[PDB]
Amino acid sequence: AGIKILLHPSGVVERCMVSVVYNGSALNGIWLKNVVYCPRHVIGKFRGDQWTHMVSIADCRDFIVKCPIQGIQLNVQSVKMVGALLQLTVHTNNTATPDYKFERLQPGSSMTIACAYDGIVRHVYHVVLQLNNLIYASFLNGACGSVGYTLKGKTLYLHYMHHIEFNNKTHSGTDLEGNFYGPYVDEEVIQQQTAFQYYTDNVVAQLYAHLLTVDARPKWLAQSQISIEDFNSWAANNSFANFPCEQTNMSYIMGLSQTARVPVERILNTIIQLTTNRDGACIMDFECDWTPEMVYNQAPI
Amino acid sequence: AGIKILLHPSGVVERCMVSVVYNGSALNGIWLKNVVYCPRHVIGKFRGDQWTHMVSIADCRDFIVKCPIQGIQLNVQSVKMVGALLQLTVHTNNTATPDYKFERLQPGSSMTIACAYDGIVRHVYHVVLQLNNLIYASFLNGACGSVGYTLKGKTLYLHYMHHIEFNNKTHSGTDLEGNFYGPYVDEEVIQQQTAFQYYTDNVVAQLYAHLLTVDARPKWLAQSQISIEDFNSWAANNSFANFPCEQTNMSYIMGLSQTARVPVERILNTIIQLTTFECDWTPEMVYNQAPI
Ligand SMILES: *[C@@](O)(CO)[C@H](C[C@@H]1CCNC1=O)NC(=O)[C@H](CC(C)C)NC(=O)c1cc2c(OC)cccc2[nH]1
Ligand SMILES: *[C@@](O)(CO)[C@H](C[C@@H]1CCNC1=O)NC(=O)[C@H](CC(C)C)NC(=O)c1cc2c(OC)cccc2[nH]1
């Protein structure tokens with residue numbers, strides 16, 4: 001019935017976005033219950049263990065907190081730094097607060113970005129947390145505080161809040177608890193990123209999506225097979241993660257192998273052979289944007 | 001930062017979605033002011049011109065309409081057919097109605113899809129109206145009533161309402177005026193799909209996206225150049241639309257060529273050499289995320 005990069009509706013996140021201004025720094029934040037969560041560097045660009053002293057002397061009323069979607073100006077009563085985030089307790093309780101959970105995202109999974117500016121989500125796109133704990137997104141100045149999220153069943157799952165943009169078009173941040181993804185920090189210094197490794201489960205997923213939609217026999221789908229052990233011994237020297245990266249993803253890769261009648265050993269052997277050739281499918285594989293769940297949930301069984 | 005497929009936030013669309021049920025037919029609908037819009041086949045699977053009689057005898061009271069996001073059940077006072085859409089005038093006015101407009105989409109133009117079910121938007125994805133007036137979308141049963149939209153400055157532009165899933169994984173429907181995109185109708189029967197043709201503007205923007213994302217000199221890039229006139233001849237026999245398909249896109253295409261320092265004649269020449277769904281890029285969306 002069609003296989004697309006699906007995203008989660010942003011209406012629930014939209015009504016909770018607020019703009020936060022302190023001194024000359026401005027960014028975004030989410031207003032849950034009577035608390036506003038925003039990047040802690042909205043009060044200044046510090047480093048190390050000097051954050052605890054600035055939050056202790058943080059002028060509560062110096063925070064300009066506006067919810068543009070509800071037209072309310074909020075008043076910060078107390079400031080509590082939790083990790084790399086600020087929990088600003090306001091007097092007003094957000095009526096638009098949904099059922100929510102603070103859930104950490106595993107590398108290789110997908111989430112939806114509510115890219116906001118001045119407290120208003122302007123764009124919405126889909127990223128995948130990579131093995132180097134980074135995402136390849138689109139963020140300009142004033143996008144700090146934009147949240148990555150997913151929806152399950154009338155409950156909103158918050159996983160991300162934007163902080164830093166690395167020059168290789170990669171981005172990093174914390175969860176809604178204040179813990180950075182990877183060893184990166186919210187400091188303007190030299191930060192080395194871990195070696196990029198392919199999330200094999202998503203490379204296999206992106207291959208099955210072509211086999212479901214290309215309809216024509218791909219000239220890159222090899223006629224041989226390679227086993228999981230032979231692949232994992234090869235993956236250690238070819239920048240590929242251990243397959244399977246997630247046992248739950250196998251249940252989807254297994255349904256994809258039966259609905260396409262192409263065994264997973266055919267895809268792994270192709271991945272080994274397709275290292276020499278294609279990545280983008282431009283005219284005449286190898287990507288982590290398709291997840292095994294998103295492909296299987298859209299495939300006819 | 002990077003170049004991504006940008007979609008529009010569905011918050012305004014969500015608060016207006018409602019569920020429309022008539023007999024054993026359940027689908028979605030959008031609620032603007034005191035009028036509800038929904039596909040007419042909710043009252044039955046008809047064909048041709050009997051719609052006028054079937055709607056004139058369809059009671060404004062067998063319609064079950066609810067807005068789940070607002071938890072409000074709505075009653076229909078009057079029913080009117082406008083094209084392939086139904087106009088159900090309800091008693092309550094939607095307080096969550098933004099400044100909206102019924103703008104028709106042109107071939108090659110991108111739009112954000114709000115895949116809804118029982119009045120609740122479940123998934124959001126991005127499509128481009130193809131030259132055969134088709135969209136490669138993702139809809140299951142009950143997704144009828146879903147809308148395709150864009151946003152420009154606090155104003156919502158509604159372009160599409162899903163009706164039909166074809167054999168090939170392509171979908172079709174009408175605008176918000178009730179007129180189908182292409183020569184298709186809301187009938188369960190094999191329909192002739194117009195011959196496919198590549199939107200050269202969006203294909204050109206596809207190649208320009210890689211030059212800004214990756215290196216300045218990929219392998220597939222051709223070192224020679226072909227003219228717009230010479231390409232247009234080859235396009236008439238190779239299923240490529242006449243370039244430029246939209247003169248407005250040349251503002252972005254020329255800005256992308258100077259930004260990437262590779263002319264549009266090389267891109268067109270590469271497309272000829274490259275000959276011997278997915279993430280479709282429009283020239284505006286690529287140029288907007290490009291620096292300077
Ligand atoms: C926020 O909007 C600030 O409120 C901003 C978002 C980035 C700006 C441009 N595109 C974005 O995504 N965040 C920052 O500017 C942060 C500030 C930190 C948390 C103190 N810094 C970066 O994103 C950043 C800094 C540097 C750098 O320096 C030195 C060198 C290389 C990369 C880099 N990224
Ligand atoms: C709506 O939800 C109905 O309210 C439904 C959406 C499709 C269902 C599966 N995936 C979808 O996108 N629409 C239909 O089922 C329509 C109903 C029409 C407008 C009366 N029917 C089709 O889209 C359809 C029917 C047939 C067919 O018959 C016979 C033969 C071949 C293709 C085909 N498409």
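Throughout, read-outs are computed from the coordinates displayed, never taken from laboratory work. In this analysis, Cβ positions are derived from the backbone assuming ideal geometry, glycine residues included, and neighbour counts consider all displayed protein chains.
Sorting A:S224, A:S257, A:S172 on the 10 Å Cβ count, fewest up front, what's the list?
Working: A:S224 10, A:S257 19, A:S172 23.
By the 10 Å Cβ count, ascending, the order reads A:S224, A:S257, A:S172.
At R0 = 22 Å, how high is the FRET efficiency between A:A96 and A:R61 if r is their beta carbon distance? Nearest 0.05 is fine.
0.40
Arranged by the count of other C-beta atoms within 10 angstrom, fewest first, what order do A:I190, A:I267, A:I57 take?
Details: A:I190 5, A:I267 30, A:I57 8.
Ascending Cβ contact count within 10 Å gives the list A:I190, A:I57, A:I267.
Sorted by mean Cβ packing within 10 Å, highest first, what order do the peptides A:62-73, B:10-21 take? Don't skip to the end; give the middle numbers.
On the way: A:62-73: 16.1, B:10-21: 24.7.
Going by the mean number of other Cβ atoms within 10 Å, highest first, we get B:10-21, A:62-73.
Mind pulling up the Rg/Rh value for the stretch B:1-64? Radius of gyration and Kirkwood radius, both on Cα.
On the way: Rg = 16.5 Å, Rh = 14.1 Å.
Ratio of gyration radius to Kirkwood radius for the stretch B:1-64: 1.17.
Calculate, axis by axis, the spread of Cα positions in the stretch A:203-294 along the three principal axes, and write the results as whole Å, longest axis first.
Principal axes ranked by extent give 31, 28, 25 Å for the Cα atoms.
Cut-off under 18 Å on the C-alpha distance; same-chain residues fewer than 8 positions from B:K45 excluded. Which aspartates and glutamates are left, in chain and number order?
Cα-Cα hits under 18 Å: B:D59, B:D62, B:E165, B:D186, B:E187, B:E188.
Which whole-angstrom value gives the distance between the alpha carbon centres of the stretch B:1-52 and the stretch A:263-298?
When both Cα centres are located, 35 Å separates them.
Ignore the peptide's own chain and count Cβ atoms of other chains within 10 Å of each Cβ in A:292-299; give me the average, rounded. Don't skip to the answer; put the middle values down first.
Details: counts 0, 0, 2, 0, 0, 2, 5, 0.
Average neighbour count from other chains, rounded to a whole number: 1.
Report, as an integer, the average count of C-beta atoms from other chains found within 10 Å of each Cβ along B:8-19.
Neighbouring Cβ atoms belonging to other protein chains average 5 per residue here.
For A:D279 and A:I72, calculate 0.36 nm times their separation in residues minus their Cα-Cα distance, and state this gained length in nm to one decimal.
Numbers: separation 207, 0.36 × 207 = 74.52 nm, distance 4.80 nm.
Net length gain for the segment: 69.7 nm.
So how do A:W220, B:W31 line up by other beta-carbon neighbours within 10 Å, fewest first?
Values: A:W220 15, B:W31 27.
Neighbour counts put them in this order, fewest first: A:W220, B:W31.
Using only Cα atoms, locate the centre of the stretch A:126-156 and the centre of the stretch A:169-220, then give the distance between them in Å, rounded to an integer.
Using only Cα atoms to place each centre, the spacing works out to 12 Å.
Over all alpha-carbon pairs in the protein assembly as shown, figure out the percentage whose distance exceeds 46 Å. Walk me through the numbers before you get to the answer.
Details: 31511 of 175528 pairs.
Of all Cα-Cα distances in the protein assembly as shown, 18 percent exceed 46 Å.
Of B:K101/B:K152; B:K4/B:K219; A:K33/A:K101, which ones are farther than 19 Å apart at the Cα? Spell out each step's value before the answer.
Details: B:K101/B:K152 10 Å; B:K4/B:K219 22 Å; A:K33/A:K101 12 Å.
B:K4/B:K219, as the Cα separations exceed 19 Å there.
Counting only other chains, what is the mean number of Cβ atoms within 10 angstrom of the Cβ of each residue in peptide A:162-175? All intermediate terms of the calculation are to be shown ahead of the outcome.
On the way: counts 0, 0, 0, 2, 1, 1, 1, 6, 2, 2, 0, 0, 0, 0.
Neighbouring Cβ atoms belonging to other protein chains average 1 per residue here.
What base-10 log of the normalised intensity I(q)/I(0) is obtained for chain A from the Debye formula, alpha carbons as equal point scatterers, at q = 0.11, 0.13 Å⁻¹?
Normalising to I(0) and taking log10 leaves -0.71, -0.91.
Work out the charge dipole of the stretch A:173-257 with +1 on the Cβ of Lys and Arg and -1 on the Cβ of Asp and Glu about the Cα centre, then indicate which of A:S227, A:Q206, A:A195 is farthest towards its positive end.
A:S227
Convex hull over the alpha-carbon atoms of the stretch A:113-171: what's its volume per residue in Å³?
Values: hull volume 5.0 nm³, N = 59.
Given the Cα convex hull of the stretch A:113-171, per-residue volume reads 85 Å³.
Give, as a single signed number, the net charge of other residues whose beta carbon lies under 14 Å from the beta carbon of A:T291, with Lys and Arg counted +1 and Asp and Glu -1. Can you show the working numbers first?
Details: positive: A:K4; negative: A:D201, A:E246, A:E287, A:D289, A:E293.
Summing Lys and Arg as +1 and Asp and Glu as -1 gives -4.
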